[PDB]
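Source file: model_31.txt (compact mmCIF, C-alpha atoms)
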# COMPACT_ATOMS: atom_id res chain seq x y z
CA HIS U 501 -15.26 137.85 94.06
CA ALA U 502 -15.98 135.59 96.98
CA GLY U 503 -15.35 132.23 95.45
CA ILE U 504 -17.34 129.10 94.89
CA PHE U 505 -20.21 127.97 97.12
CA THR U 506 -21.18 124.51 96.00
CA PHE U 507 -21.79 120.99 97.26
CA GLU U 508 -18.81 118.81 98.26
CA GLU U 509 -20.34 116.05 96.24
CA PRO U 510 -22.63 116.42 93.21
CA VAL U 511 -24.50 113.29 94.16
CA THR U 512 -24.67 111.76 97.56
CA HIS U 513 -25.98 108.42 98.62
CA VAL U 514 -27.49 108.12 102.01
CA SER U 515 -28.48 105.07 103.89
CA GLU U 516 -32.11 104.08 104.59
CA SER U 517 -31.15 103.55 108.21
CA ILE U 518 -28.80 106.38 108.97
CA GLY U 519 -31.03 108.72 110.88
CA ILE U 520 -29.65 112.00 109.75
CA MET U 521 -27.54 112.71 106.79
CA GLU U 522 -25.28 115.69 106.52
CA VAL U 523 -24.00 117.19 103.34
CA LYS U 524 -20.85 119.26 103.55
CA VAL U 525 -20.97 122.44 101.52
CA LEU U 526 -17.88 123.97 99.99
CA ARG U 527 -17.17 127.42 101.25
CA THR U 528 -16.01 130.28 99.08
CA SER U 529 -12.33 130.49 98.20
CA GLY U 530 -12.42 133.97 99.67
CA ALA U 531 -14.41 133.97 102.84
CA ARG U 532 -15.24 137.55 103.53
CA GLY U 533 -17.16 138.57 106.60
CA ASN U 534 -20.45 136.81 107.08
CA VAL U 535 -22.54 135.27 104.31
CA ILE U 536 -25.71 133.28 104.56
CA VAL U 537 -26.53 130.56 102.10
CA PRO U 538 -30.21 129.45 101.96
CA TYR U 539 -31.12 125.91 100.96
CA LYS U 540 -34.07 123.61 100.47
CA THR U 541 -34.91 120.06 99.56
CA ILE U 542 -36.49 119.12 96.21
CA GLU U 543 -38.72 116.06 95.88
CA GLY U 544 -37.28 114.05 93.04
CA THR U 545 -38.68 110.57 93.19
CA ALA U 546 -38.77 110.70 96.94
CA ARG U 547 -41.85 111.44 98.96
CA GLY U 548 -41.70 114.64 100.87
CA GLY U 549 -43.26 115.67 104.15
CA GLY U 550 -41.44 113.06 106.18
CA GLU U 551 -42.77 110.36 103.97
CA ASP U 552 -39.51 109.06 102.37
CA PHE U 553 -37.52 111.95 103.64
CA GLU U 554 -38.15 114.75 106.00
CA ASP U 555 -37.89 117.80 103.77
CA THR U 556 -36.03 120.74 105.05
CA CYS U 557 -35.11 124.29 104.22
CA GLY U 558 -33.17 126.93 106.00
CA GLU U 559 -30.06 128.97 105.91
CA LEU U 560 -26.40 128.13 106.41
CA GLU U 561 -24.05 130.55 107.94
CA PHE U 562 -20.66 130.97 106.39
CA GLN U 563 -18.12 133.47 107.44
CA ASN U 564 -14.47 134.26 107.28
CA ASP U 565 -14.34 132.07 110.40
CA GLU U 566 -17.10 129.51 109.66
CA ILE U 567 -15.63 126.77 107.57
CA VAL U 568 -18.16 124.18 106.47
CA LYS U 569 -21.82 123.78 107.10
CA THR U 570 -24.02 120.78 106.73
CA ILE U 571 -27.57 120.17 105.64
CA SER U 572 -29.18 117.77 108.01
CA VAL U 573 -31.98 115.68 106.56
CA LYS U 574 -33.94 113.05 108.42
CA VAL U 575 -34.08 110.05 106.20
CA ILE U 576 -37.33 108.33 106.82
CA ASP U 577 -37.64 104.61 106.99
CA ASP U 578 -38.68 102.86 103.76
CA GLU U 579 -42.33 102.74 102.72
CA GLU U 580 -43.65 99.50 101.26
CA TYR U 581 -41.68 98.05 98.35
CA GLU U 582 -39.51 100.93 97.42
CA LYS U 583 -36.18 100.23 95.86
CA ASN U 584 -34.50 103.51 96.48
CA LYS U 585 -35.36 107.15 96.40
CA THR U 586 -33.70 110.29 95.39
CA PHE U 587 -34.32 113.93 96.02
CA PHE U 588 -32.31 117.01 95.28
CA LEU U 589 -30.86 119.68 97.42
CA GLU U 590 -30.62 123.19 96.15
CA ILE U 591 -28.66 125.91 97.78
CA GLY U 592 -29.73 129.36 96.84
CA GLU U 593 -27.67 132.37 96.07
CA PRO U 594 -25.40 133.45 98.91
CA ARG U 595 -26.67 136.52 100.66
CA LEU U 596 -24.15 138.94 102.14
CA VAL U 597 -25.02 139.66 105.73
CA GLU U 598 -25.90 143.20 106.47
CA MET U 599 -25.19 143.82 110.09
CA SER U 600 -27.56 146.68 110.31
CA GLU U 601 -31.03 146.46 108.92
CA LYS U 602 -31.84 148.72 111.80
CA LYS U 603 -30.29 152.03 110.81
CA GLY U 604 -32.57 153.99 113.01
CA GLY U 605 -36.13 154.83 112.24
CA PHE U 606 -36.44 157.03 115.27
CA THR U 607 -38.15 160.10 114.16
CA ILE U 608 -40.72 162.11 116.01
CA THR U 609 -44.12 161.26 114.75
CA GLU U 610 -46.06 164.34 115.72
CA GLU U 611 -49.25 162.49 116.33
CA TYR U 612 -50.25 160.90 119.56
CA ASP U 613 -50.10 157.20 118.93
CA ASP U 614 -49.55 156.41 115.30
CA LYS U 615 -47.05 154.06 113.76
CA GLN U 616 -46.54 155.72 110.37
CA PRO U 617 -43.76 158.36 110.39
CA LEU U 618 -43.51 157.88 106.60
CA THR U 619 -39.94 157.03 105.90
CA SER U 620 -39.67 157.66 102.19
CA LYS U 621 -36.61 155.64 101.41
CA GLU U 622 -35.55 153.50 98.52
CA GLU U 623 -31.93 152.85 98.00
CA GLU U 624 -30.71 150.09 95.83
CA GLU U 625 -27.93 149.50 98.34
CA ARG U 626 -28.15 145.78 97.68
CA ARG U 627 -26.88 146.44 94.19
CA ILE U 628 -24.27 148.79 95.67
CA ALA U 629 -23.20 145.94 97.92
CA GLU U 630 -23.32 143.44 95.04
CA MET U 631 -20.05 144.96 93.71
CA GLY U 632 -18.56 142.59 96.22
CA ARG U 633 -21.24 139.96 96.27
CA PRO U 634 -20.67 136.37 97.22
CA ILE U 635 -21.52 134.05 94.38
CA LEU U 636 -22.08 130.37 93.98
CA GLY U 637 -20.52 127.66 91.91
CA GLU U 638 -21.07 126.51 88.35
CA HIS U 639 -23.83 124.16 89.33
CA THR U 640 -25.36 124.05 92.72
CA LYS U 641 -27.41 120.92 93.16
CA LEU U 642 -27.06 117.73 95.02
CA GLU U 643 -28.71 114.49 94.06
CA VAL U 644 -29.42 112.64 97.27
CA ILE U 645 -30.05 109.01 96.71
CA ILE U 646 -31.60 107.20 99.61
CA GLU U 647 -30.32 103.71 99.31
CA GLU U 648 -31.15 100.80 101.50
CA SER U 649 -28.46 99.76 103.80
CA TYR U 650 -29.67 97.71 106.73
CA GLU U 651 -26.14 96.55 107.17
CA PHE U 652 -25.46 99.72 109.05
CA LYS U 653 -28.53 100.26 111.05
CA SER U 654 -29.24 103.41 112.99
CA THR U 655 -30.94 101.24 115.57
CA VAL U 656 -27.81 100.09 117.41
CA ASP U 657 -27.57 96.46 118.47
Now, as a test, write the supplied structure out as structure tokens.
Amino acid sequence: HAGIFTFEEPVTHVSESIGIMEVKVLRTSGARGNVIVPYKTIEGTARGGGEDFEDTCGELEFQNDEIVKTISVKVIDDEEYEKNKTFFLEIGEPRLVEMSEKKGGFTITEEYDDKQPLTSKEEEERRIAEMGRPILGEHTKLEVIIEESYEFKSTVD
């Protein structure tokens, strides 16, 4: 109902000496309220842990107002005799932002100092909310190819 969350480009090439690369994500055709889109890096042939690339994960905030978000990845300087590297970026399913996780929880616990008031609740409100859930595109995956370009060097001279 929300539209298509997906990468602007299915495959992106990033320079060895760029510093930080940013991938623009396509927002839903119908931007409704506030939606969070989680993401993470995937080690393809690239070394993770800040070895070929600084791996990252987090959440992007999209809204009716927020237009595009970017994944910022620190591209690490080449190892020893590496030709090029590539890793993937996966954005997870868009999660509709509930503005109130805190609905209350203030009930008299008739016990002097105890933290269990026993709130016996279980509502599948997430499924109730999913009637208008934000969804993602056909294929959500970015192939990030770290290619050597010393022509443009992040170290300015």
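Taking atom CA of residue U:525 as the reference point, atom CA of residue U:505 is found at 7.1 Å.
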query: Got a sec: who's within 9 Å of stretch 538-547 of chain U, counting only C-alpha atoms, leaving out chain neighbours fewer than 6 positions off, as a PyMOL selection string?
result: chain U and resi 553-561+571+573+584-595+643+645-646
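Using only C-alpha atoms for every distance, the candidate list U:512, U:640, U:563, U:619 yields U:619 as the residue closest to residue U:607.
Atom CA of residue U:574 to atom CA of residue U:656 spans 16.9 Å [interatomic distance, one decimal].
What separates atom CA of residue U:603 from atom CA of residue U:634 is a distance of 22.9 Å.
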- request: Do a neighbour search on residue U:618 at 10 Å with all atoms listed in the file, toss out local chain neighbours closer than 2 positions, and write the hits as a PyMOL selection string.
  value: chain U and resi 605+607+609+615-616+620-621
message: Is it possible to get the residues within 12 Å of (-18.9, 125.9, 93.8) (coordinates as in the file, counting all atoms listed in the file) written as a ChimeraX atom specification?
response: /U:502-510,524-530,591-594,634-642
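Ranking U:651, U:617, U:552, U:564 by their shortest atom-to-atom distance to residue U:580, with all atoms listed in the file included, puts U:552 first.
Closest to residue U:578 among U:501, U:597, U:606, U:650 is U:650, based on only C-alpha atoms.
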